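Working notes, structure below.
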Amino acid sequence: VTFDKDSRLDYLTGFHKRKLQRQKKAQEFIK
RNA sequence: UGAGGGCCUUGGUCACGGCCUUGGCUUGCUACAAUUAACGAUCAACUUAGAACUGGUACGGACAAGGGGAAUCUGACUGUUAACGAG
């Protein structure tokens, strides 16, 4: 394994886009 | 070429005007053209329907009800750290 800055920035800076993406997927599935 | 009207006139007749007779614009019948009258004339009819000045549109620029975010425990419970609950 390796330690890469891009992956850690992607994980840390997010936590909000992922949640809204999951909400959109659930909403469209319900529709 | 026959008829009817108009201007002429000639004799006889009755006191300029009647009566009886004599010879020279409309319409009728026939003969050759026209049938693109597919034209012209005349009488009679005919007047101007338009009003109103409503909004939603896509665009350009600020408001919009109001402190936000993440993860766990937990409650009914699908096809991705799923979702949901003003827990």
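Chains: A, B, ... in order of the structure tokens. Residues: from 1 per chain. Ligands: from 1, in order shown.
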
Which residues of chain A come within 8 Å of chain B, and for each one, what is the closest pair of atoms and their distance in Å to one decimal, counting only C-alpha atoms (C1' of nucleotides), sorted by chain and residue number, as a Markdown table?
| residue | atom | partner | partner_atom | distance |
| --- | --- | --- | --- | --- |
| A:15 | CA | B:70 | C1' | 7.2 |
| A:22 | CA | B:82 | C1' | 7.2 |
| A:23 | CA | B:83 | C1' | 6.8 |
| A:26 | CA | B:83 | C1' | 5.5 |

Restrict the selected residues to N, CA, C and O atoms and save them as a compact mmCIF listing (two decimals), in the first residue's frame.
# COMPACT_ATOMS: atom_id res chain seq x y z
N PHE A 15 -17.40 14.11 2.35
CA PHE A 15 -18.28 13.82 3.47
C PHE A 15 -19.63 14.51 3.31
O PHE A 15 -20.55 14.27 4.10
N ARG A 22 -25.94 9.97 -2.33
CA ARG A 22 -26.73 8.85 -1.82
C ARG A 22 -28.20 9.23 -1.69
O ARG A 22 -29.09 8.43 -2.01
N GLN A 23 -28.47 10.45 -1.21
CA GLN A 23 -29.84 10.91 -1.09
C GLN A 23 -30.52 11.00 -2.45
O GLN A 23 -31.69 10.61 -2.59
N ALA A 26 -31.34 7.43 -3.62
CA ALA A 26 -32.49 6.90 -2.90
C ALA A 26 -33.79 7.55 -3.38
O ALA A 26 -34.81 6.87 -3.54

Two-atom distance - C1' of residue 86 (chain B), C1' of residue 74 (chain B) (Å):
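Distance between the two atoms: 16.6 Å.
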
All helix (DSSP H, G or I) positions in chain A, as number ranges by chain
A: 5-13, 17-30

May I ask for the distance between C1' of residue 26 (chain B) and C1' of residue 10 (chain B), given in Å to one decimal place?
28.8 Å
